[PDB]
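Have a look at the structure below before the remarks.
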Amino acid sequence: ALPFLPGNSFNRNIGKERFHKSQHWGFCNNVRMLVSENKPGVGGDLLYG
Amino acid sequence: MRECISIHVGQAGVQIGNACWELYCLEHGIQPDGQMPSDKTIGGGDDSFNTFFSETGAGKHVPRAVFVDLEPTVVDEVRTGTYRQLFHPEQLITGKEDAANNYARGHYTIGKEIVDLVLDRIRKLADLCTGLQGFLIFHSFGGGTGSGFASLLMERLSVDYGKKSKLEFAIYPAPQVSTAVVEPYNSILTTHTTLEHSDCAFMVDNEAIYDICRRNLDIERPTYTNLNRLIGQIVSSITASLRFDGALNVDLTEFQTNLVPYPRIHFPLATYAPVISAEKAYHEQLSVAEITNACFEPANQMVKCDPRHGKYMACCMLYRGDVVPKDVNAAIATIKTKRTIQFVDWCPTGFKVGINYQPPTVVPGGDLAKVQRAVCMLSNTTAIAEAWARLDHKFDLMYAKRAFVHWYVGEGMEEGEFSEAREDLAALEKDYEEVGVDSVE
Amino acid sequence: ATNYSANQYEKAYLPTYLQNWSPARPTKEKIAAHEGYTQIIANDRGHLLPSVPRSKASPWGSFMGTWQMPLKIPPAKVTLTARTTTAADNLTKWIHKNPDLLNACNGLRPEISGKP
Amino acid sequence: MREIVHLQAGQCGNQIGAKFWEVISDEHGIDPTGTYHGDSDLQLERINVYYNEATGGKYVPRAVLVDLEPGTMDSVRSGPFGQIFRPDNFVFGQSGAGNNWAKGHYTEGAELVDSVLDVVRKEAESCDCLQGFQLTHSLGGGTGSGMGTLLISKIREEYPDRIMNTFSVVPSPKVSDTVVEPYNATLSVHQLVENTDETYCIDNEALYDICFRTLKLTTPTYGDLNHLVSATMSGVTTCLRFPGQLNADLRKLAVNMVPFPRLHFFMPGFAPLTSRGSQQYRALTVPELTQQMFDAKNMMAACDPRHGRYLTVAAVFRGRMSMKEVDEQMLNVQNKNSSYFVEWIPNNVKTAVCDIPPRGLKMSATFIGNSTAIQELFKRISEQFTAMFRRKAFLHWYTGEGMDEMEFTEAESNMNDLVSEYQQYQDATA
Amino acid sequence: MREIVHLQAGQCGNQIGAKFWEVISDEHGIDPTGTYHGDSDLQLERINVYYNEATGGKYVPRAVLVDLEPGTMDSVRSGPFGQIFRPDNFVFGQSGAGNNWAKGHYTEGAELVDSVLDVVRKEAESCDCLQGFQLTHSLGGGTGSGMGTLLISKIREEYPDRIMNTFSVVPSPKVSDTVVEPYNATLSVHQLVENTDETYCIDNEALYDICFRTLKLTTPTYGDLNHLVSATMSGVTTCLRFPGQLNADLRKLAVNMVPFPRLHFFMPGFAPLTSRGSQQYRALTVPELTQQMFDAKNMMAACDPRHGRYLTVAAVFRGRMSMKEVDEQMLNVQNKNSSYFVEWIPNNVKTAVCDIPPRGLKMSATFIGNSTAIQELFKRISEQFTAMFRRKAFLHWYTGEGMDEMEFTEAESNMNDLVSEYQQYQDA
Amino acid sequence: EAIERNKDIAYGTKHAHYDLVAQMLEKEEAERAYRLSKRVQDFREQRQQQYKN
Amino acid sequence: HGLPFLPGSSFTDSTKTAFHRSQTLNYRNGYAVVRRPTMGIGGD
Ligand SMILES: Nc1nc2c(ncn2[C@@H]2O[C@H](COP(=O)(O)OP(=O)(O)OP(=O)(O)O)[C@@H](O)[C@H]2O)c(=O)[nH]1
Ligand SMILES: Nc1nc2c(ncn2[C@@H]2O[C@H](COP(=O)(O)OP(=O)(O)O)[C@@H](O)[C@H]2O)c(=O)[nH]1
Ligand SMILES: Nc1nc2c(ncn2[C@@H]2O[C@H](COP(=O)(O)OP(=O)(O)O)[C@@H](O)[C@H]2O)c(=O)[nH]1
Ligand SMILES: [Mg+2]
């Protein structure tokens, strides 16, 4: 509940577990490519949109 | 932050640690389990315990002490006792076999085995620590561990920490009664090697406390526990200015500095007043004048030496309770205006006054009554040279026949160190005589 | 290896302010530049060339254990204020008796203040 | 109009610029989706300096995210403003450098250079009149300190006149997080000294210091550090985007700060870094602003200007003020401390104002200063590199990539040329 | 304009500064939060002499609280008027000096001399035309008497022309609470003579004398003592903050009090001290105000001026009076007690009037006076220092700090040559 | 001029309010950290009872 | 009951206990931290 400025930021990660990372990006058909648009974010959790 | 880390050595060290830490826990409010009898974690509250206790991540407090004893049972009683969960297990260090009243064994053979482990534990405790005021080290001159291993611990602590204060509470051998035959040998070989390695010294004999507890508290049958309560009260009054606020607070370095005039001599005598029973205090009004007059009585010192057989060179004084500076000054004037109390020529003002607000707490099952005011004293006087002379007399008449030296020589110490230590104390007594002499023409 | 200087922020790295409550490493406060580039001093796998000078002393540091230390350690704090001449001399002799304790890394360097 | 392409290299580059694009999205009123939700009309008047228009009323930052590893780009996408970047800008390969400057510069980045040049030239063509580019990287890594310089050297040949800024991160003396740090640092700064218009020296141990000193944060994470750096990057081009009573651009700041072409290293600072105890006891007024501006503790470098002579000083102000106080207070620092400013340059300070303050704040400024105290960084790297280069230590990794040993000689001789030439300008008679 | 930056050193300094910052907040009507709640306009007309402006209608003291031990701060910061100080101005280390003057002055005071000189510098340059700093400390301490000199010696070089006061505290002979009290005081007066514009020698034993016999307070806390001293430091700069029929300042007194630069030690005074029941039988008038002042019982020094010659005298009066009486009363004492006043200086007394009385009171006055009877203190301390120093006692503490031994000899010699020069002006 | 002084007082009030919000948020954050530590300790107590028995 | 603040005009309690001094000023890492002073002398 603070205006966004240096200092006015608090890490929400306190209390969160399972900091798994997804496999966005990758080379298929010998092509640099964002593989799959439907992968979750950090924690196996959905993105925005 | 304020800080004193405890290095209790020996059976006396462990029992004194028991009494002192029970008193500290009851005084601050800590349970024998370690957590406060509440939750009290919505914010950071009173942290005055931080000079003795250490916070943990679980909301528990761990004492800043390291119990060391070279035999198992004295520490196993602690491990099974009521406070068995107050102490972190790695802090209390024990050994399979003890020195068995042998400074040589406690200094060369068995003492050097557990030097590294205790030093590493001390290193971790000091690592935990921000503003370290001092190391409080309590032991006895008689027993093998409390003499030899404590001496070697001091000697290596000098290497590990160049400037930190290493305060020394000592159980000095009683002049007549004793619990050992070979105790003068440990007594002479201890002070000789700690003379250049110790900062101050608070030696007390158990005999004088026996007389005090009989005469005043009406306990016809005392015990080491009843004595350890008084010793814990003394240490409490020493560190009260660190723990709580006062009209005039005083750290450790202040009364180290205003007590020792010359580098070799560092041997104050302590005093507590008043120590009276509840019946005795029912009828007796207590004030600053009464308590500071009782502080100077020869029948109240916990060392068997009458300071009227000498001259004071310094007096640190520690008031505690509902005391008032105006009455303190009146009492100082009325003790200065007496010839029965002498002072050396060079010291016109030989007083160092500290004041604390909080009256001393009472532990259940004790002997003292609950009193609104009290006073502690550390007097550096020259009337202790007679004690060293008696000690040298006993050591001499033992040492003429080379009695008990077969025990000591084998373990790794030569017999020439005996003569060297005796000669060092011979020089020390003459130093005391030069100090006590007055330059009046 | 070398502990350099944070200049303005050196008090944040002062040895006592980092909870290390023992005497500590020296802190080099000054630096000097060298013109040109640098010659090779060592062979492959870090073997010093025959032509270069090579310093003495053990390549294993200098650490002394419990049984390696002398049996009579003199203190660091030496204050020769009121001592006699011969007492001053003998305490200085005790201090300088074992140079190995002085050269050891975990050994002590005493401070000697005053004159008899 | 006047456009900037924000380059990006390495984990430091991606993590710093991930925060940077957020703080300028908030300044321009852009949601994480990418649409315009601001209220003031000036919030979208000069948006084309950075943003590129998309169909449906959306905006794409003109960034090129480069790193040899696909690792951090997953975290970049998983951030709060993760999908604001168009995916085709993400350029990456298989195997990183592993803090090896050689692999990034020669054997692995030389495959990745051609693709990045394609995206960069595509963005370069789209804008009409591009001012310049802007690269963020660290000198203690393998990619940003490695191939990140090879992007610099190639692009300068293609576009000579355009300005190139570099918000580099230099290693710190007291605590390091890479053991081959002086090998990459002493050989990357040689690339900067030949091909760079300006570099800002940002050191982390200074950044760790400021959070505790001026803000009193118990746990300052790398996000708070990265936001602290990104406030500087906004502060140099705020006058570029928003109108002011007395304006300036990157080139206007460029001309007045380099007296000679060898000198393009500065130490920045941010003014209203105010602590959560001190807001209660404070009066937001411009002498208090320049008071905290020139205090050496507020620098974000590992050098103390009190040890050297200030060549030229920049003060880029944000907010609506009265300029008499701006001119007076600058003059007071100019004359009260005479010995810290060079004598052959009268009026060593350049001032500029930007009418619109940072969002949620009333008064601010940023400081850019060219000092001779920065030479204390180069000699320190030189000795730490030389002592490691005496015994041929950690060298089999680099010469096994095919590099000869001789570039280390010229990279340290050029570097020690700079410290000697810097020194002569300090001890110069008017 | 005319600003004063109030220094601070040690537990003595922190407890006097806490009370002193309490009382001026009442004259200027400043509440514990920091805001202003006074009702008279002139209560806020020259507040910027001591306070500095902050947003929200808030004012912060211009203080620099310094101590080697943080423990004194925590007691200060938990008082009623403890949260009014800005936190950045606190300067504090990790370990103290333990009543050792050398540890304060040379070894440990060095590490805290950088930060304190910064805190004053930021505050020195905040104010446009700074009148002068001001320090309170004790000579019987380790930090106040210790590094507390090292600030003074340093800032004289930086700001020579500005005026340095010191309400320093001198040890008392009859009751002493430090054994090494002679060595600190001997090595501090030697600092005081060379680097000080003006000094006020206040002794706590005389404060005990005043409370016991005049106010007759049964339980005089150290808060009562500091109130006695805090009221003095208000009365010296009250003319600075409020207008009068004849105005004055710090420099006006210091110029008109120091005939030769070596003499800057003055005995303060404060007139309206009455017991609880004495105000029933009293009469609030100017002759009674001058009567209660010149009595030696009212002085908070440890020397009776009846044994020496009053060199010069300052009297600053508080309250709207008629100065027909103040000139006639000042002449009456000058002409009656002619032997105790010096002869080569006529009209020895300086007077000034500040119209605004202290809050809750109708009339008041304060007094600053230079006598030759003070040397009864330096002479008295010297033998206590000398008798210690023949035997080289308590010296290993000092010699272990690295200082040589000739510092004791010269500081003795400056101390003895001062009283020798001071003695000559008595017999002139 | 009165408008100008009202402007300054408004900016000061906004500044102070943002401070108060920041302090309250830190205190809540410290509470959450303590709660997480206590949950870890209770998990440890359960597994410790298992390990002893 | 609101007598003016004059020299030697103050009364103190005779029954308050605890007198616990709390650690507001403190050190953390290599820095100095000044905690906001709640919980006055003795807990109240
Ligand atoms: N005042 C007091 N003295 C004690 C206490 N316990 C032991 N002593 C004294 O300590 C001396 C002998 O040393 P101890 O502590 O008993 O044993 P130690 O120090 O462990 O030495 P060793 O038995 O050889 O291992 C005896 O003369 C006792 O008078 C105690 O609890 N209080
Ligand atoms: N200021 C800042 N520096 C960072 C951050 N992340 C990494 N670094 C610095 O980057 C260096 C390591 O960078 P590295 O990952 O090897 O860069 P790369 O090799 O180009 O990918 C370290 O010295 C860090 O100090 C960050 O978020 N902020
Ligand atoms: N007048 C006065 N003197 C005080 C006060 N508090 C302490 N003192 C004196 O200060 C002397 C000790 O000062 P000390 O605490 O050692 O000073 P520091 O070492 O600089 O902190 C004692 O002689 C006290 O009489 C006070 O509130 N008022
Ligand atoms: Mg035993």
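Naming works like this for the structure tokens: A, B, ... for the chains as they're shown, residue 1 at the start of each chain, ligands 1 onward in shown order.
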
Q: Would you please extract all alpha helix (DSSP H) residues from stretch 46-233 of chain E, as assigned by DSSP on the backbone, and give them as a ChimeraX atom specification?
A: /E:71-77,101-102,113-126,147-158,181-194,204-210,222-233

Q) What lies within 12 Å of residue G:1 using only C-alpha atoms, ignoring chain neighbours under 3 positions off, as a VMD selection string? A) chain G and resid 4 to 5 9 to 11

How about saving the chosen residues, C-alpha atoms kept, as a PDB file, in the first residue's frame?
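Final output, out_10.pdb:
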```pdb
ATOM      1  CA  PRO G   4       4.993  25.139  36.989  1.00  0.00           C
ATOM      2  CA  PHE G   5       8.268  23.531  35.957  1.00  0.00           C
ATOM      3  CA  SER G   9       9.683  21.233  41.680  1.00  0.00           C
ATOM      4  CA  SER G  10       9.101  17.563  40.872  1.00  0.00           C
ATOM      5  CA  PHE G  11       7.741  14.433  42.549  1.00  0.00           C
TER       6      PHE G  11
END
```

(Q) Taking only C-alpha atoms into account, find every residue of chain F that has an atom no more than 12 Å from chain D, and write it out as a list in words. (A) residues 7, 8, 9, 10, 11, 12, 13, 14, 15, 16, 17, 18, 19, 20, 21, 22, 23, 24, 25, 26, 27, 29, 30 and 33 of chain F

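Atom CA of residue E:309 is positioned 14.4 Å from atom CA of residue E:257.
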
Q | At most 6 Å from ligand 2 (only C-alpha atoms and all ligand atoms): residue list as number ranges by chain | A | D: 9-12, 15-16, 99, 138, 140-145, 177, 204, 222, 225-226

Could you take the residues named above and write them with C-alpha atoms, as an mmCIF file, in the first residue's frame?
```cif
data_model
loop_
_atom_site.group_PDB
_atom_site.id
_atom_site.type_symbol
_atom_site.label_atom_id
_atom_site.label_comp_id
_atom_site.auth_asym_id
_atom_site.auth_seq_id
_atom_site.Cartn_x
_atom_site.Cartn_y
_atom_site.Cartn_z
ATOM 1 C CA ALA D 9 23.545 -8.775 -21.413
ATOM 2 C CA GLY D 10 24.001 -11.416 -18.741
ATOM 3 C CA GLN D 11 22.233 -12.207 -15.495
ATOM 4 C CA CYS D 12 23.156 -8.801 -14.087
ATOM 5 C CA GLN D 15 17.853 -8.652 -13.714
ATOM 6 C CA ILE D 16 18.768 -4.952 -13.611
ATOM 7 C CA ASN D 99 32.406 -16.756 -15.688
ATOM 8 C CA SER D 138 28.547 -6.657 -15.161
ATOM 9 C CA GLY D 140 32.643 -9.900 -13.266
ATOM 10 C CA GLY D 141 30.791 -12.440 -15.389
ATOM 11 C CA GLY D 142 31.205 -14.291 -18.664
ATOM 12 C CA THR D 143 28.542 -12.933 -21.019
ATOM 13 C CA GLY D 144 27.889 -9.308 -20.079
ATOM 14 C CA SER D 145 31.598 -8.787 -19.518
ATOM 15 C CA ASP D 177 31.783 -13.480 -5.946
ATOM 16 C CA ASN D 204 27.459 -3.434 -5.245
ATOM 17 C CA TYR D 222 18.721 -7.710 -4.980
ATOM 18 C CA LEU D 225 19.469 -2.970 -5.194
ATOM 19 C CA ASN D 226 18.228 -3.178 -8.783
#
```

Produce a table with one row for each residue of stretch 145-187 of chain E that has an atom at most 9 Å from any atom of stretch 203-208 of chain E, each row naming the nearest atom pair and its distance in Å at one decimal; use only C-alpha atoms; arrange rows by chain and rising residue number; format as JSON lines.
```
{"residue": "E:168", "atom": "CA", "partner": "E:203", "partner_atom": "CA", "distance": 8.9}
{"residue": "E:169", "atom": "CA", "partner": "E:203", "partner_atom": "CA", "distance": 5.7}
{"residue": "E:170", "atom": "CA", "partner": "E:203", "partner_atom": "CA", "distance": 5.5}
{"residue": "E:171", "atom": "CA", "partner": "E:203", "partner_atom": "CA", "distance": 6.5}
{"residue": "E:172", "atom": "CA", "partner": "E:203", "partner_atom": "CA", "distance": 6.4}
{"residue": "E:174", "atom": "CA", "partner": "E:205", "partner_atom": "CA", "distance": 8.3}
{"residue": "E:175", "atom": "CA", "partner": "E:205", "partner_atom": "CA", "distance": 7.5}
```

Q: Could you please tell me, as a ChimeraX atom specification, which residues of chain F have an atom within 7 Å of chain B when using only C-alpha atoms?
A: /F:31,37-38,41

Contacts between chain B and chain C, please, where a residue of chain C counts if it comes within 12 Å (with only C-alpha atoms); show its shortest atom pair and distance in Å to one decimal, rows by chain and ascending number, as a Markdown table.
```
| residue | atom | partner | partner_atom | distance |
| --- | --- | --- | --- | --- |
| C:15 | CA | B:130 | CA | 11.6 |
| C:16 | CA | B:130 | CA | 8.4 |
| C:17 | CA | B:130 | CA | 7.9 |
| C:18 | CA | B:130 | CA | 8.5 |
| C:19 | CA | B:130 | CA | 5.7 |
| C:20 | CA | B:127 | CA | 6.3 |
| C:21 | CA | B:126 | CA | 6.9 |
| C:22 | CA | B:161 | CA | 5.2 |
| C:23 | CA | B:162 | CA | 6.9 |
| C:24 | CA | B:161 | CA | 10.3 |
| C:64 | CA | B:159 | CA | 11.7 |
| C:65 | CA | B:116 | CA | 8.6 |
| C:66 | CA | B:112 | CA | 6.6 |
| C:67 | CA | B:112 | CA | 7.7 |
| C:68 | CA | B:112 | CA | 11.2 |
| C:69 | CA | B:156 | CA | 9.6 |
| C:70 | CA | B:156 | CA | 10.6 |
| C:71 | CA | B:108 | CA | 8.6 |
| C:72 | CA | B:193 | CA | 8.1 |
| C:73 | CA | B:155 | CA | 6.5 |
| C:74 | CA | B:196 | CA | 7.7 |
| C:75 | CA | B:197 | CA | 6.1 |
| C:76 | CA | B:162 | CA | 6.2 |
| C:77 | CA | B:162 | CA | 7.3 |
| C:78 | CA | B:196 | CA | 8.5 |
| C:79 | CA | B:263 | CA | 7.5 |
| C:80 | CA | B:263 | CA | 8.6 |
| C:81 | CA | B:263 | CA | 8.2 |
| C:82 | CA | B:262 | CA | 7.6 |
| C:83 | CA | B:263 | CA | 9.0 |
| C:84 | CA | B:431 | CA | 11.2 |
| C:87 | CA | B:427 | CA | 10.6 |
| C:91 | CA | B:196 | CA | 10.1 |
| C:94 | CA | B:196 | CA | 11.8 |
| C:95 | CA | B:196 | CA | 11.9 |
| C:101 | CA | B:159 | CA | 10.1 |
| C:102 | CA | B:159 | CA | 10.9 |
| C:104 | CA | B:159 | CA | 11.5 |
| C:105 | CA | B:159 | CA | 11.3 |
| C:106 | CA | B:159 | CA | 8.2 |
| C:107 | CA | B:159 | CA | 6.7 |
| C:108 | CA | B:159 | CA | 5.6 |
| C:109 | CA | B:159 | CA | 8.8 |
| C:110 | CA | B:162 | CA | 8.4 |
| C:111 | CA | B:162 | CA | 9.5 |
```

Within 7 Å of ligand 3 (counting only C-alpha atoms and all ligand atoms), which residues show up? I'd like them as an mmCIF file with N, CA, C and O atoms, in the first residue's frame.
```cif
data_model
loop_
_atom_site.group_PDB
_atom_site.id
_atom_site.type_symbol
_atom_site.label_atom_id
_atom_site.label_comp_id
_atom_site.auth_asym_id
_atom_site.auth_seq_id
_atom_site.Cartn_x
_atom_site.Cartn_y
_atom_site.Cartn_z
ATOM 1 N N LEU B 248 23.840 6.294 38.317
ATOM 2 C CA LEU B 248 25.220 6.358 37.833
ATOM 3 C C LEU B 248 25.636 4.923 37.519
ATOM 4 O O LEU B 248 26.035 4.173 38.413
ATOM 5 N N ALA E 9 28.567 15.163 25.609
ATOM 6 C CA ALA E 9 29.573 14.131 25.808
ATOM 7 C C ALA E 9 29.337 13.434 27.139
ATOM 8 O O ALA E 9 29.337 14.079 28.191
ATOM 9 N N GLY E 10 29.124 12.125 27.082
ATOM 10 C CA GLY E 10 29.178 11.287 28.258
ATOM 11 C C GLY E 10 27.882 11.229 29.043
ATOM 12 O O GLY E 10 26.906 11.935 28.774
ATOM 13 N N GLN E 11 27.896 10.350 30.050
ATOM 14 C CA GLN E 11 26.727 10.140 30.894
ATOM 15 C C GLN E 11 26.376 11.397 31.673
ATOM 16 O O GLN E 11 25.195 11.707 31.867
ATOM 17 N N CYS E 12 27.386 12.132 32.135
ATOM 18 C CA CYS E 12 27.117 13.444 32.705
ATOM 19 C C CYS E 12 26.482 14.355 31.668
ATOM 20 O O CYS E 12 25.487 15.030 31.946
ATOM 21 N N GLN E 15 22.694 13.270 30.703
ATOM 22 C CA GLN E 15 21.675 13.567 31.700
ATOM 23 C C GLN E 15 21.455 15.063 31.897
ATOM 24 O O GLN E 15 20.344 15.467 32.256
ATOM 25 N N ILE E 16 22.478 15.900 31.700
ATOM 26 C CA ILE E 16 22.223 17.339 31.743
ATOM 27 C C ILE E 16 21.542 17.788 30.457
ATOM 28 O O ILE E 16 20.626 18.618 30.482
ATOM 29 N N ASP E 67 28.513 9.472 22.998
ATOM 30 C CA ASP E 67 29.017 8.683 24.112
ATOM 31 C C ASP E 67 29.646 7.415 23.561
ATOM 32 O O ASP E 67 29.171 6.865 22.565
ATOM 33 N N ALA E 97 35.797 3.902 27.746
ATOM 34 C CA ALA E 97 37.138 4.154 28.251
ATOM 35 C C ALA E 97 37.323 3.748 29.704
ATOM 36 O O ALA E 97 38.467 3.604 30.147
ATOM 37 N N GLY E 98 36.239 3.553 30.451
ATOM 38 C CA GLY E 98 36.345 3.109 31.826
ATOM 39 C C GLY E 98 36.984 4.108 32.767
ATOM 40 O O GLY E 98 37.859 3.747 33.560
ATOM 41 N N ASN E 99 36.563 5.372 32.670
ATOM 42 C CA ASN E 99 37.098 6.496 33.442
ATOM 43 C C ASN E 99 38.577 6.735 33.187
ATOM 44 O O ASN E 99 39.247 7.391 33.985
ATOM 45 N N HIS E 137 29.991 18.604 29.731
ATOM 46 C CA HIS E 137 30.616 17.327 30.058
ATOM 47 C C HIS E 137 31.132 17.415 31.486
ATOM 48 O O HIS E 137 31.027 18.455 32.141
ATOM 49 N N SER E 138 31.692 16.311 31.967
ATOM 50 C CA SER E 138 32.318 16.255 33.279
ATOM 51 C C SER E 138 33.808 15.998 33.123
ATOM 52 O O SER E 138 34.231 15.261 32.229
ATOM 53 N N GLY E 140 35.489 14.451 35.392
ATOM 54 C CA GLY E 140 35.795 13.241 36.127
ATOM 55 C C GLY E 140 35.388 11.973 35.407
ATOM 56 O O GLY E 140 35.273 10.914 36.027
ATOM 57 N N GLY E 141 35.160 12.065 34.096
ATOM 58 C CA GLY E 141 34.713 10.950 33.307
ATOM 59 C C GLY E 141 35.801 10.381 32.422
ATOM 60 O O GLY E 141 36.992 10.688 32.569
ATOM 61 N N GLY E 142 35.386 9.537 31.484
ATOM 62 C CA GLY E 142 36.314 8.952 30.539
ATOM 63 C C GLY E 142 36.054 9.401 29.118
ATOM 64 O O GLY E 142 36.978 9.486 28.305
ATOM 65 N N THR E 143 34.793 9.692 28.807
ATOM 66 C CA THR E 143 34.405 10.172 27.486
ATOM 67 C C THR E 143 34.185 11.677 27.454
ATOM 68 O O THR E 143 34.687 12.357 26.554
ATOM 69 N N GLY E 144 33.423 12.207 28.414
ATOM 70 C CA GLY E 144 33.225 13.646 28.473
ATOM 71 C C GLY E 144 34.524 14.395 28.689
ATOM 72 O O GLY E 144 34.835 15.346 27.969
ATOM 73 N N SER E 145 35.318 13.953 29.663
ATOM 74 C CA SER E 145 36.633 14.545 29.864
ATOM 75 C C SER E 145 37.651 14.035 28.858
ATOM 76 O O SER E 145 38.711 14.647 28.705
ATOM 77 N N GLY E 146 37.334 12.967 28.136
ATOM 78 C CA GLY E 146 38.322 12.280 27.332
ATOM 79 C C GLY E 146 38.347 12.813 25.920
ATOM 80 O O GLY E 146 38.945 13.864 25.669
ATOM 81 N N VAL E 169 31.942 20.166 34.344
ATOM 82 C CA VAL E 169 31.743 19.831 35.748
ATOM 83 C C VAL E 169 33.091 19.461 36.350
ATOM 84 O O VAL E 169 33.799 18.597 35.823
ATOM 85 N N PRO E 171 35.481 18.101 39.546
ATOM 86 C CA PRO E 171 35.330 17.199 40.694
ATOM 87 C C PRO E 171 35.405 17.935 42.021
ATOM 88 O O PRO E 171 36.038 18.983 42.145
ATOM 89 N N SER E 176 34.429 12.317 46.386
ATOM 90 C CA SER E 176 34.814 11.976 45.029
ATOM 91 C C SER E 176 34.327 10.574 44.706
ATOM 92 O O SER E 176 34.333 9.686 45.563
ATOM 93 N N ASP E 177 33.900 10.384 43.460
ATOM 94 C CA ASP E 177 33.410 9.088 43.013
ATOM 95 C C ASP E 177 34.270 8.482 41.914
ATOM 96 O O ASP E 177 33.822 7.558 41.228
ATOM 97 N N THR E 178 35.482 8.986 41.720
ATOM 98 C CA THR E 178 36.434 8.372 40.812
ATOM 99 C C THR E 178 37.813 8.465 41.441
ATOM 100 O O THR E 178 38.216 9.537 41.899
ATOM 101 N N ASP E 203 29.965 22.392 40.322
ATOM 102 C CA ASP E 203 30.305 21.235 41.135
ATOM 103 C C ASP E 203 29.039 20.665 41.754
ATOM 104 O O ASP E 203 28.210 21.411 42.285
ATOM 105 N N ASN E 204 28.904 19.341 41.690
ATOM 106 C CA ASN E 204 27.691 18.693 42.170
ATOM 107 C C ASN E 204 27.555 18.790 43.681
ATOM 108 O O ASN E 204 26.432 18.800 44.196
ATOM 109 N N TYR E 222 18.925 13.168 40.971
ATOM 110 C CA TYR E 222 19.797 13.818 40.003
ATOM 111 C C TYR E 222 19.017 14.596 38.952
ATOM 112 O O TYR E 222 19.611 15.422 38.252
ATOM 113 N N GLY E 223 17.713 14.347 38.820
ATOM 114 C CA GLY E 223 16.887 15.216 38.001
ATOM 115 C C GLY E 223 16.785 16.617 38.575
ATOM 116 O O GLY E 223 16.799 17.602 37.834
ATOM 117 N N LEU E 225 19.079 18.076 40.391
ATOM 118 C CA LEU E 225 20.370 18.716 40.168
ATOM 119 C C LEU E 225 20.471 19.278 38.758
ATOM 120 O O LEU E 225 20.916 20.414 38.562
ATOM 121 N N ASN E 226 20.059 18.495 37.761
ATOM 122 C CA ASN E 226 20.152 18.961 36.383
ATOM 123 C C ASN E 226 19.207 20.122 36.125
ATOM 124 O O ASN E 226 19.505 20.989 35.298
#
```

Q) What is the atom CA of residue D:228 to atom CA of residue D:330 distance in Å? A) 24.3 Å
